[PDB]
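Colleague: Got a structure for you, questions after.
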Amino acid sequence: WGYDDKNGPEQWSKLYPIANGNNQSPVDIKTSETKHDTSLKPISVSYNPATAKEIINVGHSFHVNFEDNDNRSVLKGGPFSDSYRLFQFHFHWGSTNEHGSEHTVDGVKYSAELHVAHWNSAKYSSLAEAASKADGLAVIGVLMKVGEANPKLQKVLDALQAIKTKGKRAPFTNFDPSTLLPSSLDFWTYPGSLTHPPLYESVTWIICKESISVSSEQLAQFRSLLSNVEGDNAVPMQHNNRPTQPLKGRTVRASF
Ligand SMILES: NS(=O)(=O)c1ccc(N2CCN(CC[C@@H]3OCCc4ccccc43)CC2)cc1
Ligand SMILES: [Zn+2]
């Protein structure tokens, strides 16, 4: 599976029939069709920078993984009774600045999207068990609008030179990803899925109303990462964004 013509999001249903399910992500948030929900608490993030572990080139993208053995790094509040434990963050981006986000707002595409992924450690023992469960994952999505260089991205961008090719990894320590989140934590939420295979309908999405910035040059650094293993012909990671999927009667709630 991948993002190419031959293995891309249009082909995914062949290997993963859930691709055409009823709770697929991402979606276009229509602001006129959302519903202010009264019982949504604010989002509380409390991350410990010592839980940052490793940055990895996975060939379609790159992941920053966290230690998830205890509750040092948690997401609380919003639509949740339970505490969710941080395990990874990553980005999606497009061929050019014109597209790149997975979620769209009133049909407007942003240049990139930040995902912060968490698992339900109140109800399940591991990521392995939580990952396939209706209530198992919580991902925060932040839309990234092309403009001014984002200095909080610097430590991430500075690490990419050590994981240029597929399978390469390095230590990535002493990092609190709440520093990447926008000042306002006003959000939308809907029940949904992983935006790539295995596409489990296990995700409660938290989509920030406020965007963060990224430069054209910072997006060039993402696209300068390589999908091939060391010594093969260089294949740039041009894009890794899935097109928006039908709501199929689901309701997007707003905190605001
Ligand atoms: N773009 S996104 O934010 O929707 C997003 C997409 C994919 C992920 N991945 C990590 C979590 N997923 C859990 C399933 C995983 O792979 C299958 C085997 C297996 C075994 C044991 C434990 C876990 C797993 C895998 C992909 C996370 C977030
Ligand atoms: Zn993602």
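The residue numbers of chain A are those assigned by Swiss-Prot, with the residues present covering 6-261 sequentially.
How was it done? The header gives X-ray crystallography, 2.3 Å.
The backbone N, Cα and C atoms fix where each Cβ goes, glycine too.
Swiss-Prot lists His65 with the feature active site, proton donor/acceptor. Taken from Swiss-Prot, the feature Zn(2+) 2 binding site applies to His65, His68, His201. Summarising the annotation, Swiss-Prot assigns Zn(2+) 1 binding site to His95, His97, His120 and lists experimental evidence as the type of evidence. The substrate binding site annotation in Swiss-Prot covers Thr200, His201. Under the heading region 'Disordered', Swiss-Prot lists 241-261.
Please situate the listed features within the shown structure.
Modeller: The Cβ neighbour count for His65 (active site, proton donor/acceptor), using a 10 Å radius over every protein chain in view, is 20.
Sequence-distant neighbours of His201 (Zn(2+) 2 binding site) (same chain, 6+ apart, CB under 8 A from its CB) are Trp6, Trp17, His65, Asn245, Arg247.
All protein chains included, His97 (Zn(2+) 1 binding site) registers 26 other Cβ atoms within 10 Å of its own Cβ.
DSSP places the residues of the region 'Disordered' (241-261) in helix, strand and coil in these numbers: 0 helix, 3 strand, 18 coil.
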Colleague: Whole-number Å distance between the CA of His68 (Zn(2+) 2 binding site) and the CA of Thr200 (substrate binding site)?
Modeller: 14
Colleague: Same chain, outside the region 'Disordered' (241-261) by at least 6, Cβ under 8 Å from its Cβ: which residues?
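Modeller: Apart from its flanks, the region 'Disordered' (241-261) reaches 8, 14, 27-35, 38-42, 45, 47-48, 64-66, 83-84, 97-100, 104-109, 118, 191-197, 200-201, 214, 227-232.
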Colleague: Give the subset of the binding-site residues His68, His120, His201 lying near ligand 2, defined as CB under 6 A from any of its atoms.
Modeller: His120
Colleague: Do you know offhand how many angstrom separate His95 (Zn(2+) 1 binding site) and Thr200 (substrate binding site) by C-alpha?
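Modeller: The separation of the Cα atoms works out to 12 Å.
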Colleague: Take the C-alpha atoms of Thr200 (substrate binding site) and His120 (Zn(2+) 1 binding site) and report the distance between them in angstrom, rounded.
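Modeller: So the Cα of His120 (Zn(2+) 1 binding site) lies 10 Å away from that of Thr200 (substrate binding site).
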Colleague: So for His120 (Zn(2+) 1 binding site), how many other CB atoms are inside 10 Å of its CB?
Modeller: 20
